[PDB]
Ligand SMILES: Cc1cc2nc3c(=O)[nH]c(=O)nc-3n(C[C@H](O)[C@H](O)[C@H](O)COP(=O)(O)OP(=O)(O)OC[C@H]3O[C@@H](n4cnc5c(N)ncnc54)[C@H](O)[C@@H]3O)c2cc1C
Ligand SMILES: CSc1ccc2c(c1)N(CC[C@@H]1CCCCN1C)c1ccccc1S2
Ligand SMILES: CSc1ccc2c(c1)N(CC[C@@H]1CCCCN1C)c1ccccc1S2
Ligand SMILES: Nc1nc2c(c(=O)[nH]1)N[C@H]1C(S)=C(S)[C@@H](COP(=O)(O)O)O[C@H]1N2
Ligand SMILES: Nc1nc2c(c(=O)[nH]1)N[C@H]1C(S)=C(S)[C@@H](COP(=O)(O)O)O[C@H]1N2
Ligand SMILES: c1ccc2cnncc2c1
Ligand code: MOS
Ligand code: MOS
Ligand code: FES
Ligand code: FES
């Protein structure tokens, strides 16, 4: 019956008979046509859907602004609220807001897909803190992920708001005017001013939603519908219904009930209301710890600590305290701390008040200790600590911030009296079972004992007995979890045996000098410097080549006006396509049952391989009789809406029959015929006879998800004449989309056109699978004579799409005692997934050499078919894998030689003039110069001894340092692959329209082409415009990949402009002072054509793989990278302190864009080598929930200090304006972090007496780090027999 | 091309021109329409000369394409257009032309 | 370079789809831009003749 | 199946433009009153030369 009234961007919104299942993110985009708020992941993780919620409190008479993720907000909970969106704060047609201006002009957008989310986080903080500190801004951005920029640009923009040659003019930014901000809509203030008691009701066929606005009403609805969930923030229930198949027919969702918002400062503690957000609790507790004595604020410190790392700011401002406590997540960070602190819950029912303790039995949901079905949590009591009462909280995860815990803990002690006899003890752990667990029996046995090391040894063992983990346990990481449990117990000992020394120094002993670093955690600050050339006096001041010109679409990224593929409006009567994918790794499809699915609401069609017949293949789209991996396409469900399609897809019943063998690993794939790729240089077998030492070793390397922020997206629109299709798709290869769609429809290419304006990141993962999906989508569209849209959710996308190839490298190395590798016999193995990969092996081998001359070399490679998602090409294209393995070989030799890796790197380096394994002459002057400048700027030698100084002084924390050189050759297989084309029109007003085969993915290609046009035609960039990329305008264009897009399309764009000048030479000479409008007009008047095709034939390139020699590369991008880290030997955490990068780029066409490519590549590499990890079960299922969640780098992961230098220009008359195409280059430089961690672990291994075989694999995770730092805790843990259990992973 | 189909059958005549000049069936040629995004600065479709003048421009483009493909066509006289186009791409010869 | 005009076919013209067509398109595009919306203008036969 | 301009599908949220035309051959426009017209259902805007 009730109406849903709220505001969005100042404008009233009324929905009558509203569906209560409607979420805000869909509503904004589809119903309000506000497409700036984006879909990234759909679980609150990435912050792409960040918005501002505003509410008036009629009691306190103040407007409260908080951030939130729109993907989890149900619109029925917005009654009387004011949503603000990226569009709301400014636009190009109104006026640009400063946050929008600065994030763009600081070059903080590349692909731009994360920009609106960043803007709304920044904007929201500024509305609460107009004069902020940088900490407050970076804390707000804790939940905001970016895959392109590396964060530094966004942090520079944040600094401009903080009181305290460049890429951007900070002084030119208009100042923030807090008095001229958006007024909170006055009507909502009037609505709140009358405290209506009317309980609101919304409904549909599926759901009934009750919003009680009083406590009396709330309890009345809790009696009626006892099993209905009380929705507050929807950050627990929301993700469960979204992808754990849960459904609630009745929802109770109360408004701000004053009893649930209580903040009572009691005599013996405080009572916090169940409706308070976690962010509000953090403020309340941060306030009291600053104004009460430390003796009483012990519990509030522990909660503060874990609230600092709990998700990001968006989830904290949504999630409620009561919701946290009641939802009882096993990996809850707060509940273990609450468990140990004698906290009690204030319950309330219709039939009265009640109070129960928050104990292990409550956390394990024992009915007699739980809430009754008819009652609610009103508030929680958290008492003040007494004298000699101490509490600590610990946690470890994949990264420091915005990531679920692997293990966490709360631990309390009580001594009383003052002596050292322990009188109470509660020790709770999370992430080690289905619920939070208290070691009640261990603690009972420890009562009466003293606080000494003899307690620890026994306390560790009976804890290890009590908190048992089966080797098959959910989450995996069993051996690591075991260690963390006792390693936190060790840290707790040290914290307590220190506050005791502080308070009572004569009785208790001082800590061991080397041990003290265990207590301080690894915090952060973000410093950076950017060196580059700035030509110059010779050049015309309006020539834009060399200048740091902002990305053309950058401000539109900031305002949300940039249209990405799904942002295209609803086409009349369009349908939606979604796929049923395989749930088995290698099985026979015995049957499919579409009966229930076909009958369901909105369903137009469901296609199997049968229904595609002879057009189910290219150069198979849907599975036929067998499946060969999880995530393979099986059915295509077509419906009138997205929800209807997803619903019907879940009721498609497929039954399988598993098949042997189930091949998952590379070793398993090695047991018909694979083609070999080989490089022979010198004579390896004779070299092995004349070397001081021989060394065998290997390293495995994990894959990598692309994690483009824009998921796979397309709109396929049939014209309704001559079977014409228009295909709008986020892809890197329009020509391939054209071909596969045309082929599928059995049409000539002239009927199918593919159009691409922009792609929200790609990195290689928007090519082959994109076309398969576009082919299937276009089949449906043609079949039903309707436009069809296919956009994948993040889970589907990661499963359906591939990743980077996992590698295995095997090497046998002969070397001298000074560290010269005179013989090397290399083997590469790529994990291909279900299909072939060999392109990647080839580039692996050709770029394997990197910075080093290997005078006798035998490099061999083989792609390996497994039953996992079919992996694709990735930014780096074999080099990140092939380079790491040679550095691994170098590091193992260094160890045997007693020399540092950097001495072995410099002794094996290519000389100024030298030759590659494939007989190409190279000028490695800039390789050497990059290495030297990187040693100098980083002050390597001085920091080297500072790290050795630290390591000799610290036992439980170590630092490490590494430097790595870069040679990234650029060049495709052949001349035809590197050809490119453009089309340039000059209109009679003098304005220019240009286009070309290249695709904007965030790399700023289109910006560079306008810079090229500006130079060549001698006109401002404002006078040139580009719409996008199309097969209708420029045919037969090659893939946008290989670090050469701007490089090659730039030459074609140049070619077109020069053709136009040749024609206009007569016109220009007769009127030198004339404008372009005059020249264009007088050209038309004299019948001179003002349209021209541009063309570049391509770089000459060849490779004879029989002989193993050729000229495949046009030029070489050189560099070096130094990185420093500190590790936590107890937990396995690490911090990246500093990273210095020097890079030969030739003459940069745009140093803002080119520096942005280095940072992005570097951070994408850093992730690959450290924190990015895909977990697969023994049955080939990808794990995607809990601590198994996949984590790209965040702001917390970004190096604290970052220096980037570009080497002065080098003159290369074979490329566009002597520039070098980077983009892929910097990825490998992130292994500097890998080897810095490798060094740090070696320091702990040397001190402790652990010599010999140190092979750490990539990704170098906290699991791998901590288990490498062996000690009494690693040797102590329980261990299972290898084959006695089935593991969760590997 | 810059010309507009008003019912006078201009587009039909341009495909007839393309069919003669490239020596291919009319079924192998397609036209979608007219656009300032593809062909700039086009004069009015009037004066009894639309097909007349746009036909000469369409002819001009086809001949430009043959000049480039003359090497390709002589080495393989029996070949199809698919073969000639493919081998043109393989040898970095442009297959787009203004008329 | 910001404005593109696309024409697939015309259902007869004979000279009468030039100057007034552009006037109407100019006015129509002013509205579309003003309100940030697609705008369609199709005349009835009486209006058209007048 | 031949698509003419008005045969193009409804674009999402598109508006419609129609003209008020002159009913006199040579006269002065002493005034225009858009008051009733502006208040009526669906009306987004009415433009004069102003
Ligand atoms: C992206 C993301 C990251 C996260 N990261 C972390 C992390 O790092 N660490 C961590 O510890 N947690 C994390 N969480 C979990 C989060 O803290 C909880 O989901 C949240 O605290 C639950 O609060 P809520 O208000 O959303 O509960 P809701 O989803 O609204 O409700 C959950 C349950 O509690 C019940 N309930 C709620 N209020 C009451 C009441 N007053 N009386 C009775 N029953 C009630 C409901 O009936 C329901 O069954 C994360 C969640 C997300 C989505
Ligand atoms: C590669 S040097 C270069 C690069 C960009 C521009 C430029 C020169 N000129 C020359 C002025 C020309 C002379 C020829 C016809 C058009 N008029 C404007 C400008 C001068 C002043 C403002 C903007 C520009 S744009
Ligand atoms: C102006 S003479 C003219 C006009 C139209 C066609 C034509 C000749 N040819 C030549 C065959 C060419 C030879 C060159 C390459 C392509 N093959 C088909 C045809 C023969 C048979 C069927 C259709 C056609 S299309
Ligand atoms: N922001 C952004 N940068 C990116 C990519 C991307 O998808 N987004 N892709 C990379 C890849 S894999 C390649 S091959 C190059 C291609 O463009 P370029 O040749 O102009 O550098 O861009 C790189 N940089
Ligand atoms: N069916 C049809 N035929 C038509 C017209 C038309 O609108 N429809 N316009 C005429 C006019 S006024 C001119 S100028 C010519 C232009 O086309 P052409 O030069 O190709 O004949 O077509 C003539 N024939
Ligand atoms: C198909 C898929 C990926 C590719 C990456 N780089 N070059 C060519 C490719 C062809
Ligand atoms: O060539 Mo980039 O898409 S791996
Ligand atoms: O030239 Mo025809 O439109 S009178
Ligand atoms: S946070 Fe909602 S889209 Fe990723
Ligand atoms: S620009 Fe931030 S995700 Fe691409």
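Numbering of chain A is taken from Swiss-Prot, so the residues present carry the numbers 4-167, 199-558, 560-654, 661-712, 716-880, 883-1336, in order.
Just so it is clear, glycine is given a Cβ too, placed from its N, Cα and C backbone atoms.
A:411 is the only one of A:222, A:304, A:411 that Swiss-Prot places in the FAD site (with A:264, A:265, A:266, A:267, A:268, A:269, A:270, A:271, A:345, A:354, A:358, A:367). For the residues A:238, A:588, A:1068, A:1133, the entry in Swiss-Prot flags phosphoserine at a single position: A:1068. Residues A:44, A:49, A:52 are recorded by Swiss-Prot as [2Fe-2S] cluster 1 binders, and the candidate that the same record lists for that site, out of A:74, A:79, is A:74.
Listed by Swiss-Prot as binding Mo-molybdopterin are A:113, A:151, A:806, A:807, A:1047, A:1088, A:1089, A:1090, A:1091, A:1268; the candidate from A:737, A:1157, A:1203 that the record includes in that site is A:1203. Using Cα positions, the member of the binding-site residues A:113, A:117, A:151 nearest to residue A:74 ([2Fe-2S] cluster 1 binding site) is identified as A:117. The separation of residue A:268 (FAD binding site) from residue A:1268 (Mo-molybdopterin binding site), Cα to Cα, is 43 Å. Using residue A:806 (Mo-molybdopterin binding site) as the reference Cα, a 10 A cut-off selects A:114 from the binding-site residues A:114, A:264, A:268.
Screening the binding-site residues A:49, A:151, A:345, A:1268 for a C-beta under 6 A from any atom of ligand 9 leaves A:49. The binding-site residues near residue A:114 ([2Fe-2S] cluster 2 binding site), taking a 10 angstroms Cα-Cα threshold over the set A:49, A:52, A:264, A:268, A:1047, are A:1047. Reported as a whole number, the C-alpha separation between residue A:1089 (Mo-molybdopterin binding site) and residue A:52 ([2Fe-2S] cluster 1 binding site) equals 31 Å. All protein chains included, residue A:151 ([2Fe-2S] cluster 2 binding site) registers 28 other Cβ atoms within 10 Å of its own Cβ. Ligand 1 lies within reach of A:411 from the recorded positions A:411, A:1047, A:1268, A:1270, judged by a C-beta closer than 6 angstroms to any of its atoms. Its own atom aside, the Cβ of residue A:411 (FAD binding site) has 23 Cβ atoms within 10 angstroms in the protein chains shown. The two recorded residues, residue A:149 ([2Fe-2S] cluster 2 binding site) and residue A:411 (FAD binding site), have Cα atoms 38 Å apart. Only A:114, in sequence order, out of the binding-site residues A:114, A:149, A:345 have a CB under 6 Å from ligand 4. A Cα-Cα distance of 33 Å separates residue A:151 ([2Fe-2S] cluster 2 binding site) from residue A:358 (FAD binding site). With a cut-off of 6 Å between Cβ and the nearest atom of ligand 10, the binding-site residues A:149, A:151, A:266 reduce to A:149, A:151.
The most densely surrounded of the binding-site residues A:117, A:806, judged by C-beta neighbours within 10 angstroms, is A:117.
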